[PDB]
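In what follows, a single structure is set out as structure tokens and then discussed.
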Amino acid sequence: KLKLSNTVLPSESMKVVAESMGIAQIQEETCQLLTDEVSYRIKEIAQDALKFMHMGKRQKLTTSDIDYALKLXXXXXXXXXXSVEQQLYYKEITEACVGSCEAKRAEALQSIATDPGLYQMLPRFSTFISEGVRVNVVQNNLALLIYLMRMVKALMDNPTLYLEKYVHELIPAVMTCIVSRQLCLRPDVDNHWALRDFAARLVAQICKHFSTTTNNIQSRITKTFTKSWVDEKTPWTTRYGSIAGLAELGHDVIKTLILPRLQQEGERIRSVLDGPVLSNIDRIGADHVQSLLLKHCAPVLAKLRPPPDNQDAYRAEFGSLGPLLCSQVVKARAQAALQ
Amino acid sequence: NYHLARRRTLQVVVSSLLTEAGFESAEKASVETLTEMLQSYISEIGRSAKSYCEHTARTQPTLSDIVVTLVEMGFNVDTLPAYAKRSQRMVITXXXXXXXXXXXXXXXXXXXXXXXXXXXXXXXXXXXXXXXXXXXXXXXXXXXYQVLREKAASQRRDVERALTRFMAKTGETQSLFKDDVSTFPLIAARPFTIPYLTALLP
């Protein structure tokens with residue numbers, strides 16, 4: 001079933017190595033027998049070192065190993081997938097999601113991310129969390145949003161539990177948190193923008209794993225966020241969630257999309273700024289949204305174009321970007337100087 | 001793979017001694033081979049002191065033991081102060097590197113149920129019941145007698161009113177008010193041939 005032929009080096013190259021020292025005119029069979037005998041010694045030392053490291057109990061051979069070798073008719077009632085012990089452990093997970101104590105919070109986040117092979121406190125868990133998402137969007141509570149969105153973050157970092165079969169009742173619940181009407185109080189919208197930063201950051205972790213198959217991931221979400229950008233007379237929570245969702249998709253995604261949208265959203269900047277009579281909730285709302293999205297899109301143009309002619313770059317970015325884009329280009333040059 | 005850093009630190013030592021010598025270029029394989037020869041020389045000093053200080057019942061190698069070792073290995077020790085005038089005075093000491101840590105974790109469930117059960121050994125860690133043990137599920141008990149027979153009689157009433165509405169709107173109809181098609185469409189009279197065989201049949 002096996003044939004162990006003699007690994008014999010070519011004798012002409014051996015004559016090249018020999019006559020590099022300049023010995024003589026050499027015949028073939030001498031170098032053939034030399035390669036034979038040297039191969040026997042090499043394979044015997046190889047058997048010795050294999051005996052060493054199969055008593056050293058490793059299948060790999062290092063240099064030091066051979067260096068030491070150089071010492072010579074009614075059916076029954078049903079039963080759910082849960083047991084009582086793990087469904088009360090399930091209730092511990094759900095009530096630590098409610099849990100105000102941050103020590104119980106981090107215990108829950110570590111338990112979700114580091115229970116590999118759980119697989120049976122899978123979808124029923126994730127099903128009416130997403131229904132609990134739908135009720136709490138109607139209930140409009142920022143605390144239950146940040147608890148459940150970090151809960152999906154711990155779900156994504158658990159490497160054994162694959163998402164693939166169970167994708168399509170979680171992603172629209174994530175995208176529902178992105179779009180609009182997270183309004184607990186009108187002076188308390190400030191925490192919701194960091195949520196949309198966190199939610200779009202989750203989508204960046206989503207999109208790097210599943211778009212190899214049918215393009216629900218890349219093609220549908222981009223065309224959703226494209227047409228949501230087209231949607232006029234919508235609140236600016238829709239506009240922030242769409243662009244920051246496109247911002248987390250990558251460098252070249254923004255390079256394609258915000259190449260015409262550099263000046264077109266700059267027209268949207270100076271429609272808001274120097275715009276309406278008095279609506280300060282929508283003014284202060286849209287202003288920092290346009291401020292955050294400017295300096296977060298700024299490293300795309302900084303990597304593409306050089307930071308020369310800041311007065312001309314403001315004319316290339318419809319004025320409103322300058323000099324905040326030039327200040328972010330100076331910050332990008334300072335970040336390049338840090339390297 | 002993690003053992004390689006000390007060998008490359010020895011290579012940094014060899015490069016520092018070549019900088020002390022004054023070599024601008026070198027052959028990299030020969031430098032690594034001389035590093036292998038240097039660590040084999042260190043191991044040879046150690047083997048010499050190992051087999052040398054077992055001649056005593058004591059173990060500890062002293063200074064004079066290493067003096068006899070280095071004279072045994074062919075070295076004039078009288079230049080050891082003068083080489084100090086080179087080495088620790090002309091070559092800057094390079095530092096080591098070892099960044100070890102111990103991460104933190106928390107998976108606090110509340111289930112032990114056996115500290116030192118039958119195989120009694122007080123050196124272990126019973127993990128939990130959430131991972132090891134299991135249970136059984138029934139998920140269906142109500143057991144409410146009056147409520148059960150209320151449900152049964154309500155379903156009987158529903159069947160009564162359903163068949164009532166069905167053949168009320170189906171067949172011959174005479175009402176109570178004028179045109180009670182919605183509320184009470186009572187079934188009109190059949191009258192048929194033989195009443196006694198029907199009305200006296202169990």
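Every residue, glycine among them, receives a Cβ derived from its backbone with ideal geometry; neighbour counts consider all protein chains shown. Readers should treat all values here as calculations from the given coordinates under stated rules, not as data from a laboratory.
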| request: Assess whether A:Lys91 counts as being among the basic types (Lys, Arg), farther than 30 Å from B:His3 by Cβ and within 14 Å of chain B (Cβ to nearest Cβ). | output: yes
| message | Criterion first (of a type outside the set (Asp, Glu), surrounded by fewer than 11 Cβ atoms within 10 Å (Cβ to Cβ) and within 30 Å of A:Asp67 (Cα to Cα)) does B:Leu63 satisfy it? | response | yes
| message | Which numbered condition in (1) within 14 Å of another protein chain (Cβ to nearest Cβ); (2) surrounded by 10 or more Cβ atoms within 10 Å (Cβ to Cβ); (3) under 28 Å from B:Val12 (Cβ atoms) is the only one that B:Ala49 fails? | response | (1)
| message | For the structure I just gave you, tell me whether B:Unk118 is exposed (fewer than 10 other Cβ atoms within 10 Å of the Cβ) and either away from chain A (no Cβ under 14 Å) or more than 29 Å from A:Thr114 (Cα to Cα) (or both). | response | yes
| request: Among what's in the range A:106-147 and is closer than 27 Å to A:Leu183 by Cα and among the polar types (S, T, N, Q), pick the residue that is nearest to the other protein chains (Cβ to nearest Cβ). | output: A:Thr127
| message | Under 6 Å between Cβ atoms, which residue pairs at least 6 apart in sequence (or on different chains) link something in the range A:3-27 that is polar (S, T, N, Q) with a partner that is in a helix (DSSP H, G or I) and surrounded by 10 or more Cβ atoms within 10 Å (Cβ to Cβ)? | response | A:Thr7/A:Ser39; A:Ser11/A:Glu28; A:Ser11/A:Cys31; A:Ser11/A:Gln32
| field | Lone unmet requirement of (1) exposed (fewer than 10 other Cβ atoms within 10 Å of the Cβ); (2) under 45 Å from the mean Cα position of the chain (by Cα) for B:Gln39 | value | (1)
| task | Answer yes or no as to whether B:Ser16 is more than 14 Å from chain A (Cβ to nearest Cβ), assigned to a helix (DSSP H, G or I), loosely packed, with under 10 Cβ neighbours inside 10 Å and not hydrophobic (A, V, I, L, M, F, W, C). | result | no
| message | Any residue at all in the range B:102-109 that's over 26 Å from the mean Cα position of the chain (by Cα) and exposed (fewer than 10 other Cβ atoms within 10 Å of the Cβ)? | response | no
| query | A:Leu163: in contact with a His (Cβ under 8 Å, 6 or more places away or on another chain) and either within 21 Å of A:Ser211 (Cα to Cα) or more than 14 Å from chain B (Cβ to nearest Cβ) (or both), yes or no? | reply | yes
| query | Does A:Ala103 satisfy the condition of being facing chain B (nearest Cβ under 10 Å) and touching a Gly at 6+ places or on another chain (Cβ under 9 Å)? | reply | no
| field | Flag for A:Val179 being within 30 Å of A:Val289 (Cα to Cα), touching a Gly at 6+ places or on another chain (Cβ under 9 Å) and hydrophobic (A, V, I, L, M, F, W, C) | value | yes
| request: Take the residues in the range A:297-322 that are polar (S, T, N, Q) and part of a helix (DSSP H, G or I), then tell me which one is farthest from A:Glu248 (Cα to Cα). | output: A:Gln311
| task | Residue by residue through the range B:82-93, note down the ones that are among the hydrophobic types (A, V, I, L, M, F, W, C) and assigned to a loop (DSSP other than H, G, I, E, B). | result | B:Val91, B:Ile92
| query | Would you say A:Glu37 is within 14 Å of chain B (Cβ to nearest Cβ) and not polar (S, T, N, Q)? | reply | no
| said: Can you confirm whether A:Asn158 is touching a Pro at 6+ places or on another chain (Cβ under 7 Å), more than 12 Å from chain B (Cβ to nearest Cβ) and crowded, with 17+ Cβ neighbours inside 10 Å? | reply: yes
